[PDB]
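Novice: Below is one structure. I have some questions about it.
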2 protein chains.
Amino acid sequence: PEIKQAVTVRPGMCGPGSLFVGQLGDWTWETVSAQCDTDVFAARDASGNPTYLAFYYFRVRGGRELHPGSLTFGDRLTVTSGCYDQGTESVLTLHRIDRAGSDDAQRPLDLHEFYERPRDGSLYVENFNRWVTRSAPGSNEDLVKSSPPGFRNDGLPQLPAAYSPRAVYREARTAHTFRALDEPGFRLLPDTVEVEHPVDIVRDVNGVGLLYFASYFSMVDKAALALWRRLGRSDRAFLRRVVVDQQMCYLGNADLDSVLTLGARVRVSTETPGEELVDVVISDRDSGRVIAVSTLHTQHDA
Amino acid sequence: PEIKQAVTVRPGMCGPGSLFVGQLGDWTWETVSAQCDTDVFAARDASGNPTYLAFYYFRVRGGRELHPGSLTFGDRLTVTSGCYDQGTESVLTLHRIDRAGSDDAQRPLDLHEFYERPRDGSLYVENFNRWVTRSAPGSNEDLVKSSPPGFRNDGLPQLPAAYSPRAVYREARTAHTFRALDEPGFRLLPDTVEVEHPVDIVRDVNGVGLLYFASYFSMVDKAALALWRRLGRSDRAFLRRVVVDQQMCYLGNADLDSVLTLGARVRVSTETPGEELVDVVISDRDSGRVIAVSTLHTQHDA
């Protein structure tokens, strides 16, 4: 039983920051709760420790016709949501977003449609989430895999082998990009940036004292802005950027006194002017960990 | 017809940042939409310009037993919401939040209860909002009062004279505090800070290109943190602060290339140890405008 709902775009789920991905994550927790007969918000492991359904791999796919920067107050959307079986320790949640008028907004989720040929005018969200607990109270390092009792993955529809987010994130942690460096039609610019980012305790921290999943998207855009400025491009042009595809892998969290490093590089298209691929790696130098990788497929007019 | 709803605390509405006030503002727009027979999200003035139901005065009142820093993932709440007539150009929206178990969570909104003696264990939210339009496209200065056609304030219950948010915000713009400087039981410390804050285009900006109302709470906490650190207090102690009362007045918005100034001062209680009043003024020096005033009534254990 897929879920189909009418949404009107609110101030808390749009704009050039991370509010839309924050709202999508709330929707994911509601969708897993409904489909897996589990209260995700208050989940505890068999032993009684809180268990968080942590974001691990996050993709948002759009296009010139509908992307996250298209959305403004009062836009009417149709949202179709559903979970896919990834066993007892993980779960995949898909959301399709259409403009509520649109031809065929009533169509069900179509994996073929999500993994192979996304349609122009729809937005596609993939959230792969993993149950975790803390390994020590107040530590945000070395989180441990978990599963709350009664988590019902059984019955959920299955992905075919071709559609594996696991294959995708395994390659991205190795390559530090989601788009192979040897992919034709792009040139790697020499200009790169490295930004020191102390954890912002007033803006980066969630209600359980971890770094907030949506803050990782804010940190990647801070890196992307720093590279944009290194390229001599304007702050107003940054706000016109169209992100047609963004992938994020959350390899680690971090303690709230950490100083993170945000590294960014870009490949510009040889074929299409104003098209580029930006890669961002978030490091925690003091613990020697890479804690995130993101790739943004971007169209601009700077 | 007041609205009473069950809420489970989600990642997008808690934590030490501005997510709870962001969620409350979304709820306000839904409440005005329901009670005033108006689609606030897509509102336009009679002439066809977008009109925003802008936040102008915002209060959050709690206590040691339930405050915004109490809230964590999966907490079960009861929310009671309702609008009060302030004419065609403004509207007051109240929210009471109780823990869903609690004795007498079913009780209706009680102004006596909100303005005179708030109860321990309830959280009280006041949002006074004013319809505005831009005076020039792409300018965030010199916003103009408005009202969308068909806005139904008629029928809404009325406040008695004693309960005027107008008297409260008029005094705060004059004094740069919501708690009179001559109030007994407090001493003004000599330590103050002034922080330069360029508008953060990746975290401060909303879906219509204004500074986001919830970002004003992030900027006030940036000032408050800077003063806390000037006092030699610890970042971990900052995260244990209990804000029992916070008031915010939004006197202006600002263009996205602005450099703002965040000024903070504190009065410590003579009576109760670890109790203090922090005042923050946000200035836009280049336009010679004060664009916000906030006072935080805080309990700490630093």
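Going by the structure tokens order, chains are called A, B, ..., each with residues numbered from 1, while ligands are numbered from 1 in the order shown.
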Tell me, counting only C-alpha atoms, for each residue of chain A within 7 Å of chain B, which pair of atoms is nearest and how far apart they are in Å to one decimal, in rows ordered by chain and increasing number, as a Markdown table.
Specialist:
| residue | atom | partner | partner_atom | distance |
| --- | --- | --- | --- | --- |
| A:10 | CA | B:26 | CA | 6.3 |
| A:11 | CA | B:207 | CA | 6.4 |
| A:12 | CA | B:22 | CA | 6.0 |
| A:14 | CA | B:207 | CA | 5.2 |
| A:15 | CA | B:207 | CA | 3.7 |
| A:16 | CA | B:202 | CA | 5.7 |
| A:17 | CA | B:202 | CA | 4.8 |
| A:22 | CA | B:12 | CA | 6.0 |
| A:23 | CA | B:12 | CA | 6.6 |
| A:26 | CA | B:10 | CA | 6.3 |
| A:41 | CA | B:74 | CA | 4.1 |
| A:42 | CA | B:74 | CA | 4.1 |
| A:72 | CA | B:207 | CA | 5.1 |
| A:73 | CA | B:41 | CA | 5.2 |
| A:74 | CA | B:42 | CA | 4.1 |
| A:202 | CA | B:17 | CA | 4.8 |
| A:203 | CA | B:17 | CA | 4.9 |
| A:205 | CA | B:15 | CA | 6.5 |
| A:206 | CA | B:15 | CA | 4.7 |
| A:207 | CA | B:15 | CA | 3.7 |
| A:208 | CA | B:72 | CA | 6.4 |
| A:218 | CA | B:202 | CA | 6.5 |
| A:221 | CA | B:202 | CA | 6.6 |
| A:222 | CA | B:202 | CA | 6.9 |
Novice: Segment 27-184 of chain B: which residues are helix (DSSP H, G or I) by DSSP, as a list in words?
Specialist: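 The residues of segment 27-184 of chain B classed as helix (DSSP H, G or I) are residues 27, 28, 29, 30, 31, 32, 33, 34, 35, 68, 69, 70, 111, 112, 113, 114, 115, 165, 166, 167, 168, 169, 170, 171, 172, 173, 174 and 175 of chain B.
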Novice: Go ahead and write the selection's residues with N, CA and C atoms as a PDB file, in the first residue's frame.
Specialist:
ATOM      1  N   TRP B  27       3.015  25.812  11.235  1.00  0.00           N
ATOM      2  CA  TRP B  27       1.721  25.556  11.908  1.00  0.00           C
ATOM      3  C   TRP B  27       0.873  26.839  11.939  1.00  0.00           C
ATOM      4  N   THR B  28       1.491  27.993  12.197  1.00  0.00           N
ATOM      5  CA  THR B  28       0.765  29.270  12.202  1.00  0.00           C
ATOM      6  C   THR B  28       0.109  29.507  10.837  1.00  0.00           C
ATOM      7  N   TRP B  29       0.861  29.346   9.753  1.00  0.00           N
ATOM      8  CA  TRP B  29       0.314  29.570   8.402  1.00  0.00           C
ATOM      9  C   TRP B  29      -0.831  28.582   8.167  1.00  0.00           C
ATOM     10  N   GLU B  30      -0.736  27.346   8.634  1.00  0.00           N
ATOM     11  CA  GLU B  30      -1.845  26.379   8.428  1.00  0.00           C
ATOM     12  C   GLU B  30      -3.049  26.835   9.254  1.00  0.00           C
ATOM     13  N   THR B  31      -2.814  27.362  10.458  1.00  0.00           N
ATOM     14  CA  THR B  31      -3.923  27.748  11.384  1.00  0.00           C
ATOM     15  C   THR B  31      -4.683  28.953  10.840  1.00  0.00           C
ATOM     16  N   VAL B  32      -3.972  30.003  10.432  1.00  0.00           N
ATOM     17  CA  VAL B  32      -4.597  31.183   9.772  1.00  0.00           C
ATOM     18  C   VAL B  32      -5.332  30.736   8.504  1.00  0.00           C
ATOM     19  N   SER B  33      -4.771  29.818   7.740  1.00  0.00           N
ATOM     20  CA  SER B  33      -5.423  29.365   6.490  1.00  0.00           C
ATOM     21  C   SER B  33      -6.780  28.770   6.855  1.00  0.00           C
ATOM     22  N   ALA B  34      -6.803  27.919   7.867  1.00  0.00           N
ATOM     23  CA  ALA B  34      -8.018  27.167   8.278  1.00  0.00           C
ATOM     24  C   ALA B  34      -9.038  28.146   8.853  1.00  0.00           C
ATOM     25  N   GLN B  35      -8.618  29.072   9.707  1.00  0.00           N
ATOM     26  CA  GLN B  35      -9.585  29.914  10.479  1.00  0.00           C
ATOM     27  C   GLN B  35     -10.013  31.176   9.715  1.00  0.00           C
ATOM     28  N   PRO B  68      11.708  24.436  24.959  1.00  0.00           N
ATOM     29  CA  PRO B  68      12.063  23.898  23.656  1.00  0.00           C
ATOM     30  C   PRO B  68      13.256  22.928  23.647  1.00  0.00           C
ATOM     31  N   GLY B  69      14.179  23.079  24.582  1.00  0.00           N
ATOM     32  CA  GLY B  69      15.335  22.191  24.736  1.00  0.00           C
ATOM     33  C   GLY B  69      14.999  20.874  25.408  1.00  0.00           C
ATOM     34  N   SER B  70      13.788  20.695  25.920  1.00  0.00           N
ATOM     35  CA  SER B  70      13.247  19.437  26.521  1.00  0.00           C
ATOM     36  C   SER B  70      12.930  18.437  25.406  1.00  0.00           C
ATOM     37  N   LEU B 111      -6.637  32.787  27.551  1.00  0.00           N
ATOM     38  CA  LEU B 111      -5.777  33.991  27.425  1.00  0.00           C
ATOM     39  C   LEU B 111      -5.181  34.329  28.780  1.00  0.00           C
ATOM     40  N   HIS B 112      -6.023  34.223  29.819  1.00  0.00           N
ATOM     41  CA  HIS B 112      -5.703  34.420  31.257  1.00  0.00           C
ATOM     42  C   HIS B 112      -4.469  33.567  31.493  1.00  0.00           C
ATOM     43  N   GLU B 113      -4.641  32.297  31.109  1.00  0.00           N
ATOM     44  CA  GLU B 113      -3.542  31.327  31.235  1.00  0.00           C
ATOM     45  C   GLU B 113      -2.321  31.820  30.440  1.00  0.00           C
ATOM     46  N   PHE B 114      -2.386  32.294  29.162  1.00  0.00           N
ATOM     47  CA  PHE B 114      -1.208  32.731  28.340  1.00  0.00           C
ATOM     48  C   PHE B 114      -0.499  34.047  28.733  1.00  0.00           C
ATOM     49  N   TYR B 115      -1.210  35.064  29.238  1.00  0.00           N
ATOM     50  CA  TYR B 115      -0.709  36.472  29.303  1.00  0.00           C
ATOM     51  C   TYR B 115      -0.308  36.871  30.738  1.00  0.00           C
ATOM     52  N   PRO B 165      -0.278  42.513  22.178  1.00  0.00           N
ATOM     53  CA  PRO B 165       1.095  42.359  21.721  1.00  0.00           C
ATOM     54  C   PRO B 165       1.599  43.691  21.152  1.00  0.00           C
ATOM     55  N   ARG B 166       0.718  44.565  20.665  1.00  0.00           N
ATOM     56  CA  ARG B 166       1.146  45.872  20.120  1.00  0.00           C
ATOM     57  C   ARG B 166       1.835  46.694  21.209  1.00  0.00           C
ATOM     58  N   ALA B 167       1.273  46.779  22.410  1.00  0.00           N
ATOM     59  CA  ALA B 167       1.911  47.545  23.505  1.00  0.00           C
ATOM     60  C   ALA B 167       3.305  46.965  23.786  1.00  0.00           C
ATOM     61  N   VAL B 168       3.410  45.637  23.776  1.00  0.00           N
ATOM     62  CA  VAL B 168       4.665  44.917  24.063  1.00  0.00           C
ATOM     63  C   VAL B 168       5.721  45.226  23.011  1.00  0.00           C
ATOM     64  N   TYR B 169       5.409  45.070  21.718  1.00  0.00           N
ATOM     65  CA  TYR B 169       6.471  45.268  20.717  1.00  0.00           C
ATOM     66  C   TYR B 169       6.824  46.762  20.562  1.00  0.00           C
ATOM     67  N   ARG B 170       5.879  47.671  20.797  1.00  0.00           N
ATOM     68  CA  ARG B 170       6.128  49.148  20.701  1.00  0.00           C
ATOM     69  C   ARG B 170       7.213  49.492  21.733  1.00  0.00           C
ATOM     70  N   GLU B 171       7.034  49.044  22.965  1.00  0.00           N
ATOM     71  CA  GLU B 171       8.045  49.292  24.027  1.00  0.00           C
ATOM     72  C   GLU B 171       9.376  48.637  23.674  1.00  0.00           C
ATOM     73  N   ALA B 172       9.402  47.412  23.127  1.00  0.00           N
ATOM     74  CA  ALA B 172      10.670  46.716  22.851  1.00  0.00           C
ATOM     75  C   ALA B 172      11.472  47.428  21.753  1.00  0.00           C
ATOM     76  N   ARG B 173      10.821  47.991  20.726  1.00  0.00           N
ATOM     77  CA  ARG B 173      11.601  48.678  19.657  1.00  0.00           C
ATOM     78  C   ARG B 173      12.252  49.931  20.230  1.00  0.00           C
ATOM     79  N   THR B 174      11.604  50.519  21.231  1.00  0.00           N
ATOM     80  CA  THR B 174      12.124  51.755  21.889  1.00  0.00           C
ATOM     81  C   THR B 174      13.284  51.424  22.813  1.00  0.00           C
ATOM     82  N   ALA B 175      13.110  50.406  23.669  1.00  0.00           N
ATOM     83  CA  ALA B 175      14.056  50.048  24.746  1.00  0.00           C
ATOM     84  C   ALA B 175      15.177  49.122  24.297  1.00  0.00           C
TER      85      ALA B 175
END
Novice: Given only C-alpha atoms, how would the per-residue table for segment 5-80 of chain B near segment 245-249 of chain B read, listing every residue at most 9 Å away with its closest atom pair and distance in Å to one decimal, sorted by chain and number, as a Markdown table?
Specialist:
| residue | atom | partner | partner_atom | distance |
| --- | --- | --- | --- | --- |
| B:55 | CA | B:249 | CA | 8.3 |
| B:56 | CA | B:249 | CA | 5.5 |
| B:57 | CA | B:249 | CA | 4.6 |
| B:58 | CA | B:248 | CA | 5.1 |
| B:59 | CA | B:247 | CA | 4.5 |
| B:60 | CA | B:246 | CA | 5.4 |
| B:61 | CA | B:245 | CA | 4.4 |
| B:62 | CA | B:245 | CA | 6.2 |
| B:63 | CA | B:245 | CA | 7.8 |
| B:67 | CA | B:245 | CA | 8.8 |
Novice: Okay, now the selection with C-alpha atoms, as a PDB file, in the first residue's frame?
Specialist:
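Saved file again-v8.pdb follows:
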ATOM      1  CA  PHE B  55       6.339  37.169  11.342  1.00  0.00           C
ATOM      2  CA  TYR B  56       6.471  40.420  13.344  1.00  0.00           C
ATOM      3  CA  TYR B  57       6.288  39.438  17.067  1.00  0.00           C
ATOM      4  CA  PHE B  58       7.101  35.903  18.272  1.00  0.00           C
ATOM      5  CA  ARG B  59       7.057  34.670  21.876  1.00  0.00           C
ATOM      6  CA  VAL B  60       7.863  31.171  23.226  1.00  0.00           C
ATOM      7  CA  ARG B  61       7.175  30.698  27.008  1.00  0.00           C
ATOM      8  CA  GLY B  62       8.120  27.473  28.837  1.00  0.00           C
ATOM      9  CA  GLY B  63       9.787  26.527  32.129  1.00  0.00           C
ATOM     10  CA  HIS B  67      10.890  24.134  27.274  1.00  0.00           C
TER      11      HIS B  67
END
Novice: Leaving out residue 132 of chain A and any residue of its chain fewer than 5 positions from it, which residues lie within 10 Å of it when counting only C-alpha atoms, given as a PyMOL selection string?
Specialist: chain A and resi 44-45+49-55+89-90+142-148
Novice: Any chance you can output those residues with N, CA and C atoms as a compact mmCIF listing (two decimals), in the first residue's frame?
Specialist:
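Done, and the output landed in part11.txt:
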# COMPACT_ATOMS: atom_id res chain seq x y z
N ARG A 44 13.59 2.03 20.07
CA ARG A 44 14.63 1.51 20.98
C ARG A 44 15.01 0.09 20.55
N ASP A 45 16.26 -0.27 20.76
CA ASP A 45 16.76 -1.64 20.43
C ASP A 45 16.21 -2.57 21.52
N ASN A 49 18.25 0.80 24.43
CA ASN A 49 19.00 2.01 24.01
C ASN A 49 18.19 2.67 22.89
N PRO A 50 18.16 4.01 22.77
CA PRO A 50 17.55 4.62 21.59
C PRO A 50 18.26 4.15 20.32
N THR A 51 17.48 3.89 19.27
CA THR A 51 18.05 3.54 17.95
C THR A 51 17.50 4.54 16.94
N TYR A 52 18.41 5.14 16.17
CA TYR A 52 18.04 6.19 15.21
C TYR A 52 18.07 5.56 13.83
N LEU A 53 17.07 5.88 13.01
CA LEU A 53 17.02 5.41 11.60
C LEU A 53 17.83 6.36 10.74
N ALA A 54 19.15 6.25 10.86
CA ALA A 54 20.09 7.27 10.37
C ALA A 54 20.08 7.31 8.84
N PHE A 55 20.19 8.51 8.30
CA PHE A 55 20.36 8.72 6.84
C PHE A 55 21.73 8.21 6.48
N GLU A 89 18.17 -4.30 9.08
CA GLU A 89 19.09 -3.27 9.64
C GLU A 89 19.03 -1.97 8.83
N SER A 90 18.39 -2.00 7.67
CA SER A 90 18.33 -0.88 6.71
C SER A 90 16.97 -0.90 6.04
N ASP A 142 31.80 5.93 15.93
CA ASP A 142 31.77 4.46 16.09
C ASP A 142 30.35 4.08 16.47
N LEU A 143 29.39 4.58 15.70
CA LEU A 143 27.98 4.13 15.88
C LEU A 143 27.89 2.66 15.46
N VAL A 144 26.95 1.98 16.07
CA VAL A 144 26.76 0.50 16.00
C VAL A 144 25.45 0.18 15.29
N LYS A 145 25.47 -0.81 14.40
CA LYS A 145 24.26 -1.22 13.68
C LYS A 145 23.24 -1.78 14.69
N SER A 146 21.97 -1.61 14.37
CA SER A 146 20.86 -2.02 15.26
C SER A 146 19.63 -2.37 14.44
N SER A 147 18.52 -2.50 15.13
CA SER A 147 17.21 -2.84 14.57
C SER A 147 16.30 -2.84 15.79
N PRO A 148 15.19 -2.09 15.78
CA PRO A 148 14.21 -2.20 16.86
C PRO A 148 13.35 -3.46 16.74
Novice: Using only C-alpha atoms, which residues sit within 9 Å of residue 140 of chain B once same-chain residues fewer than 5 positions away are excluded, as a ChimeraX atom specification?
Specialist: /B:134-135,209-211,252-256
Novice: Those residues with N, CA and C atoms, as a PDB file, in the first residue's frame please?
Specialist:
ATOM      1  N   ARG B 134       6.559  43.280  -1.245  1.00  0.00           N
ATOM      2  CA  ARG B 134       7.755  44.037  -1.643  1.00  0.00           C
ATOM      3  C   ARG B 134       7.308  45.386  -2.231  1.00  0.00           C
ATOM      4  N   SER B 135       8.159  46.393  -2.071  1.00  0.00           N
ATOM      5  CA  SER B 135       7.953  47.755  -2.642  1.00  0.00           C
ATOM      6  C   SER B 135       8.682  47.845  -3.990  1.00  0.00           C
ATOM      7  N   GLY B 209      13.051  34.514  -1.148  1.00  0.00           N
ATOM      8  CA  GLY B 209      14.257  35.350  -1.208  1.00  0.00           C
ATOM      9  C   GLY B 209      14.348  36.422  -0.143  1.00  0.00           C
ATOM     10  N   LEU B 210      13.569  36.274   0.945  1.00  0.00           N
ATOM     11  CA  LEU B 210      13.732  37.130   2.146  1.00  0.00           C
ATOM     12  C   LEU B 210      14.650  36.426   3.154  1.00  0.00           C
ATOM     13  N   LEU B 211      15.104  37.125   4.192  1.00  0.00           N
ATOM     14  CA  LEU B 211      15.750  36.426   5.324  1.00  0.00           C
ATOM     15  C   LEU B 211      14.632  35.638   6.001  1.00  0.00           C
ATOM     16  N   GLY B 252      12.579  44.664  10.507  1.00  0.00           N
ATOM     17  CA  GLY B 252      12.902  44.749   9.066  1.00  0.00           C
ATOM     18  C   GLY B 252      13.444  43.426   8.580  1.00  0.00           C
ATOM     19  N   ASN B 253      13.467  43.278   7.262  1.00  0.00           N
ATOM     20  CA  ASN B 253      14.177  42.217   6.548  1.00  0.00           C
ATOM     21  C   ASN B 253      15.444  42.871   5.996  1.00  0.00           C
ATOM     22  N   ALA B 254      16.172  42.191   5.140  1.00  0.00           N
ATOM     23  CA  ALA B 254      17.426  42.778   4.614  1.00  0.00           C
ATOM     24  C   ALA B 254      17.760  42.151   3.264  1.00  0.00           C
ATOM     25  N   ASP B 255      18.405  42.931   2.410  1.00  0.00           N
ATOM     26  CA  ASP B 255      18.895  42.397   1.135  1.00  0.00           C
ATOM     27  C   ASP B 255      19.960  41.309   1.368  1.00  0.00           C
ATOM     28  N   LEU B 256      20.093  40.404   0.409  1.00  0.00           N
ATOM     29  CA  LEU B 256      20.920  39.186   0.606  1.00  0.00           C
ATOM     30  C   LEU B 256      22.428  39.458   0.521  1.00  0.00           C
TER      31      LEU B 256
END
Novice: Can you pull out every residue from segment 148-216 of chain B that DSSP, working from the backbone, puts in strand (DSSP E), and format the result as number ranges by chain?
Specialist: B: 186-198
Novice: I need the residue nearest residue 124 of chain A from this list: A:106, A:164, A:93, A:86. Use only C-alpha atoms for the distance.
Specialist: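 For residue 124 of chain A, the nearest of the candidates is A:93.
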Novice: If we count only C-alpha atoms, what is near segment 97-99 of chain A at a cut-off of 6 Å, once residues fewer than 2 positions away on the same chain are taken out, given as an MDAnalysis selection string?
Specialist: chainID A and resid 77:79 101:102 105 122:123
Novice: Would you work out the distance separating atom CA of residue 232 of chain A from atom CA of residue 182 of chain A, expressed in Å to one decimal?
Specialist: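 Between these atoms lies a distance of 26.6 Å.
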Novice: One decimal, Å: what's the distance from atom CA of residue 266 of chain B over to atom CA of residue 258 of chain A, could you say?
Specialist: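 Taking atom CA of residue 266 of chain B and atom CA of residue 258 of chain A, their separation equals 28.2 Å.
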Novice: Compare B:268, B:195, B:156, B:231 by their minimum atom-to-atom distance to residue 283 of chain B, counting only C-alpha atoms, and give me the closest one.
Specialist: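 Among B:268, B:195, B:156, B:231, it is B:195 that comes nearest to residue 283 of chain B.
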Novice: Can you work out which one of B:38, B:272, B:5, B:295 has the shortest atom-to-atom distance to residue 179 of chain B, counting only C-alpha atoms?
Specialist: B:295
Novice: Please identify all polymer residues within 6 Å of residue 299 of chain B, counting only C-alpha atoms, omitting same-chain residues fewer than 3 positions from it, and present them as a list in words.
Specialist: residues 242, 274 and 275 of chain B
